[PDB]
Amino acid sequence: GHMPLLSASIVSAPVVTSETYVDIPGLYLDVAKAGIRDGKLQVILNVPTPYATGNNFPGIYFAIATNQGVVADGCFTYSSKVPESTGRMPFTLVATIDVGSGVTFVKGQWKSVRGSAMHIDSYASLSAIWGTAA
């Protein structure tokens, strides 16, 4: 384990609405367990096939979070107030975290855009590659 790669994957999540970032169940990396105590992690949240349902330009915010909270966030939104059929909108988020700050874990989170119901019904991943500062 000189060069550890962390990964977690899901294929579904209970459909929820949330005004605040809530964990995506199963997208969680236990960093402490891996013996990562310092250095840097490049974390990728990959949700390649999500959709959102709602009545007001639906979408989903996603975030990468540690113990210390959200490090990076982003969203997709549809370009129609009520899309003919809510299409799949691939989403990727990349963030680099300093593990020494007190990071024990990394997780993926999501939140509604304008009261959207959030849908994962296929593969989604959270991955991390360990490195050093330059």
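In this text, the rigid core denotes the largest set of C-alpha atoms whose superposition between the two forms falls within 1.5 Å. Each residue number is its position in the shown sequence, starting from 1.
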Following superposition on the rigid core, is the mean squared CA displacement, expressed as RMS, greater for 125 to 133 or for 4 to 12 in 8 other deposited structures of this protein? 125 to 133
In the PDB record, does 41 to 49 or 91 to 99 carry the higher mean Cα temperature factor? 91 to 99
If you average the CA temperature factors over each stretch, which comes out higher, 53 to 61 or 100 to 108? 100 to 108
Hey, what third does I36 fall into on Cα B-factor, ranked over its chain? highest
Lowest, middle or highest third: where is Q68 by C-alpha B factor in its chain? highest
